[PDB]
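Taking the form deposited in one PDB entry, here's one chain by itself in structure tokens.
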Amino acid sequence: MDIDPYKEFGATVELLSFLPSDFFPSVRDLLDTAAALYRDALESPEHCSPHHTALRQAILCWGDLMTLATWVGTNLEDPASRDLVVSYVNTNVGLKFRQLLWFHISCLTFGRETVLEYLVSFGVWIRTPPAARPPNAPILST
């Protein structure tokens, strides 16, 4: 099956890709923000919203991936190739989860339309060369 996790939320993988990689916080900083803002809702027996349902699964999936990556790095054929599994996480699946976690956390905080407008505003601003770019980035606010 070819599922786009953003599609039921009015976005697409291609649109999230318009943000540069270094826009996103780390997964750890995203997970700490999800707890600070939504821990009680995420841990409750209520659905709350489709964003909460999706965010719950993503949090648990990152736990699955890191447990697997930890086992690989620890019970290893080599020494110091641990650096290799880390690099794959940083390059590949870490970026996917930074996009996804940022998307759900921001939509819960600012609303989908505000988030998507900001995404396009920032993506255009950051691609404007510094010769022309206004000094302050667009603002994400309700």
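Note that the rigid core is defined as the largest set of C-alphas that superpose within 1.5 Å between two forms. The first residue of the shown sequence is 1; numbering continues from there. Only residues modelled in both forms are compared.
Another form, the form deposited in another entry, is not on view; read the next lines as being about it.
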Exercise. Taking the rigid core as reference, does residue 81 move its C-alpha 2 Å or further between this form and the one not shown?
Worked result: yes
Exercise. Quick one: core overlaid, is residue 9 moving 2 Å or more at the Cα between this form and the one not shown?
Worked result: no
For this session: Indicate whether residue 19 shows a C-alpha shift of 2 Å or more between this form and the one not shown, with the rigid core used for the fit.
Result: no
Exercise. Core superposition done; which regions of 3+ residues show CA shifts of at least 2 Å throughout between this form and the one not shown?
Worked result: 78-81, 119-139
